[PDB]
Amino acid sequence: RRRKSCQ
Amino acid sequence: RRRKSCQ
Amino acid sequence: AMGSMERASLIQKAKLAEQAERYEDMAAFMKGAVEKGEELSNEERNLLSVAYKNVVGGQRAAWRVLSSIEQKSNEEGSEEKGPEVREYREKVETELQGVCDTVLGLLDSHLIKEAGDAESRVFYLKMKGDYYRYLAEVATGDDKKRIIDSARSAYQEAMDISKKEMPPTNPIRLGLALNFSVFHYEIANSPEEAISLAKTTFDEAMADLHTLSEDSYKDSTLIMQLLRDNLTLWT
Amino acid sequence: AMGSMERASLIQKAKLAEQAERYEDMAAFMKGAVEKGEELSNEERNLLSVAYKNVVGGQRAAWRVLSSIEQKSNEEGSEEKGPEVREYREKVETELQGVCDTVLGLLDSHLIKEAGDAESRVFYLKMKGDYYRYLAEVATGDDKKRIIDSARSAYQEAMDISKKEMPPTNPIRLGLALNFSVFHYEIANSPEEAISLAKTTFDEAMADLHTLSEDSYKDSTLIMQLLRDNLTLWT
Ligand SMILES: CN(CCS)C(=O)c1cccc(Br)c1
Ligand SMILES: CN(CCS)C(=O)c1cccc(Br)c1
Ligand SMILES: [Cl-]
Ligand SMILES: [Cl-]
Ligand SMILES: [Mg+2]
Ligand SMILES: [Mg+2]
Ligand SMILES: [Mg+2]
Ligand SMILES: [Mg+2]
């Protein structure tokens, strides 16, 4: 579960 | 449904 | 290499490259378009961002795979396998740094200085923070603190503009806050700041949703969910 | 470019590149390894095949996306959008052809001529058929028939050796039959030959499964299922 950045 | 080749 | 191709053709081919999932080509076309010297429209800025984010995203994923192998290789008990893992990690790292330097170079020559509207200026300053952040992810030397500070400074300028000139639901403002929060958590060793920023951003956006059309609501709530995902992971 | 790197280091880095999903790098490392001039082991042949199949597979997928857009662009009712779709399809096509020519060049200089055991010779002749088949997929000119015949001839030589020297369950023999059957169906306009080959191959392998260990059984039945998938699609 990798943290989200703006894709 | 694409036919299979050897991958 | 793109100097002889029309700007409009470069943009058209960037869109074709996106459809074909040819992101290196897409980035080269968009670099060529930027180098024509005209400002970018909203759509064109998004093409530039998609292209380079996909290129650097693949490099970052590969770097993390190789860095993990290298770390396991330097555990005591592990067998000497020679310089190859380090060499190949360094090769990928250098290519990644080159892409980041290319993007930062486009922003500095001359996208940021020509960007006067909040939507473009915040977008480009966010990008500047992002690519310094990617450089920080691989940095280990005497300039690492300066790289981190460069990311921080770009994000901070973008935040200051976004808070003054955009509504709290604006997707650019939200994506900037998301990424600056990740910077705090992952790069600056500031998890409490990361959490506070994500929560304040989420709550202020929630309170402004009532002003939005259905389509804008969908856009904003999508990014709010990314903020929530991080808050759930981090708390 | 790989001339100064040790053969063993190239192989090690090809494996790292595979783990990192860096298939262009993987292919460049394996090309360098082949160019050392020594024969390849079974594992090394498989690394070579994985690397180039992934590279050319991405190119083929992109070419098909672009070719479909180009086809829609030349339907009556469609608006003139200029030369860009054709140009970009041609760019991808030329890169794809270059990769195929590179692989065929490695096979001709000098992998095939040094391959004496059935497992290596059939493997390389299958590869030769495959890369001519990929060239045939994009061919439209005066040499298209000759390209198709080159694929056919390589596959036929591989088939003749495989039937004489390998059991009907051998995975190389099975994968060759699978691909030659696809050649017949998709390239040579011979669907009945494609179906007959797939069915005969499947049935002869089924009858030989009783001779195999559990692990060999798993390997062979996996490829038999690919044959069955095609038979189900085609009948
Ligand atoms: C939904 N989405 C991506 C996740 S944040 C965006 O709207 C976006 C895209 C590019 C740049 C910026 Br800023 C925002
Ligand atoms: C399962 N599998 C792939 C599908 S055929 C193989 O064992 C293989 C791999 C490479 C080359 C050849 Br020939 C056979
Ligand atoms: Cl290397
Ligand atoms: Cl082009
Ligand atoms: Mg301006
Ligand atoms: Mg405003
Ligand atoms: Mg020999
Ligand atoms: Mg034998």
Side-chain angles (χ1 to χ4, degrees), chain B residues 6-7, chain C residues 58-59 61-70 73-75 77 79 82-96, chain D residues 1-59 98-128 130-131 134 158 170-172 175-176 215 219:
Chain B
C6 182
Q7 313 295 359
Chain C
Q59 298 172 315
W63 186 94
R64 290 193 296 270
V65 167
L66 297 172
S67 184
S68 178
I69 296 169
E70 187 180 13
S73 90
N74 295 327
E75 262 165 348
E79 277 289 325
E84 288 86 356
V85 171
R86 174 187 57 73
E87 287 170 351
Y88 187 47
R89 189 268 299 155
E90 283 172 350
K91 183 191 163 173
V92 173
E93 184 172 298
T94 301
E95 291 185 18
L96 181 162
Chain D
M2 301 299 173
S4 62
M5 203 184 310
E6 287 280 13
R7 189 187 189 282
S9 300
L10 288 164
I11 297 298
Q12 182 179 357
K13 290 179 183 179
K15 290 172 189 176
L16 292 170
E18 186 179 24
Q19 292 184 263
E21 294 177 84
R22 292 271 295 196
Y23 293 106
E24 180 158 16
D25 287 349
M26 192 187 179
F29 291 138
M30 290 309 302
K31 177 172 189 291
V34 169
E35 291 174 346
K36 298 301 178 180
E38 302 278 357
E39 296 187 29
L40 301 185
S41 68
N42 181 258
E43 183 175 9
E44 294 162 353
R45 294 192 294 274
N46 281 280
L47 292 168
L48 177 69
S49 171
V50 163
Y52 278 109
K53 196 59 44 98
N54 274 273
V55 172
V56 84
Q59 298 172 315
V99 171
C100 292
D101 289 346
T102 291
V103 173
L104 291 169
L106 297 171
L107 297 169
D108 201 48
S109 302
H110 299 276
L111 289 169
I112 288 169
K113 69 174 59 64
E114 294 183 12
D117 293 354
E119 292 56 49
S120 59
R121 194 163 185 85
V122 173
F123 190 98
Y124 292 136
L125 289 166
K126 176 188 162 294
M127 197 179 308
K128 183 174 183 172
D130 289 340
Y131 286 85
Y134 308 149
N170 177 282
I172 300 165
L176 164 63
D215 287 354
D219 293 336

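FYI, side chains are in, hydrogens and waters are out, and symmetry mates aren't considered; it's all heavy atoms of this structure. Chain identifiers are assigned alphabetically (A, B, ...) following the order of the sequence lines, protein sequences preceding nucleic acid strands; residue numbering begins at 1 within each chain.
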Of the non-hydrogen atoms in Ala33(D) and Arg7(D), which two are nearest, and what is the gap between them? O-NE, 4.3 Å
Could you tell me the separation between the CE atom of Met127(D) and the CG atom of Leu104(D), rounded to the nearest 0.5 Å? 10.0 Å
Chi angles and distances behind the side-chain contact (heavy atoms from CB on, under 4.5 Å) call for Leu47(D), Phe29(D): CA-CA 10 Å; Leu47(D) 292 168; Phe29(D) 291 138; over 6 Å; no
Supply the atom-to-atom distance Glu93(C) CD to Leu66(C) CG, rounded to the nearest 0.5 angstrom. 10.5 Å
Thinking salt bridges, do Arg86(C) and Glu90(C) make one under a 4.0 Å N-O criterion? yes
The reported gap from CD in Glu44(D) to OG in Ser49(D) (rounded to nearest 0.5 angstrom) is 13.5 Å
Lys/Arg N to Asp/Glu carboxylate O, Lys15(D) vs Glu84(C), below 4.0 Å: no
No-hydrogen, no-angle side-chain donor-acceptor test under 3.5 Å, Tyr134(D) and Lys53(D): yes
If you round to the nearest 0.5 Å, how far is CG of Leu48(D) from NZ of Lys31(D)? 11.5 Å
What closest approach, in Å, do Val122(D) and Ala158(D) show between heavy atoms, and which atom pair accounts for it? CG2-O, 3.8 Å
4.5 Å side-chain heavy-atom contact, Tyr131(D) and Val56(D): yes
List the steps, then state whether side-chain contact (heavy atoms from CB on, under 4.5 Å) holds for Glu87(C) with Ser9(D). CA-CA 10 Å; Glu87(C) 287 170 351; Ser9(D) 300; 5.7 Å; no
CD/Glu70(C) to CH2/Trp63(C) distance, rounded to the nearest 0.5 angstrom? 8.5 Å
Side-chain heavy-atom pair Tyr88(C), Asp25(D) within 4.5 angstrom cut-off: yes
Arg121(D) side chain vs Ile112(D) backbone, donor-acceptor pair below 3.5 Å: yes
Might you point out which heavy atoms bring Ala115(D) and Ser120(D) nearest each other, and give the distance in Å? CB-OG, 3.5 Å
May I ask you to decide if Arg64(C)'s main-chain N or O and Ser67(C)'s side chain share a donor-acceptor pair within less than 3.5 Å? no
Is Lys13(D) reaching over with its side chain to a backbone N or O of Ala8(D), donor-acceptor style, under 3.5 angstrom? no
Contact check, side chains of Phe123(D) and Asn42(D), non-hydrogen atoms, under 4.5 Å: no
To the closest 0.5 Å, what do you measure between CG (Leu96(C)) and CD (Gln59(C))? 4.5 Å
Might you confirm whether atom CD of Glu38(D) has over 12 heavy atoms from other residues, nucleotides or ligands at distances under 6.0 Å? no
Got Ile11(D) and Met30(D) here, is their nearest side-chain heavy-atom distance under 4.5 Å? yes
Quickly, which of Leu16(D), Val55(D), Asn54(D), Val50(D) forms a side chain to side chain contact (heavy atoms under 4.5 Å, CB included) with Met26(D)? Name it, please. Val50(D)
Does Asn170(D) use its side chain to pair, donor to acceptor, with the backbone of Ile172(D) at less than 3.5 Å? yes
Is there side-chain contact between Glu35(D) and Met2(D), with heavy atoms separated by less than 4.5 Å? no
Are there over 12 heavy-atom neighbours, none belonging to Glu24(D), within less than 6.0 Å of that residue's CD? no
Using a 3.5 Å distance criterion without hydrogens, assess whether the side chain of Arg45(D) forms a donor-acceptor pair with backbone atoms of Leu40(D). yes
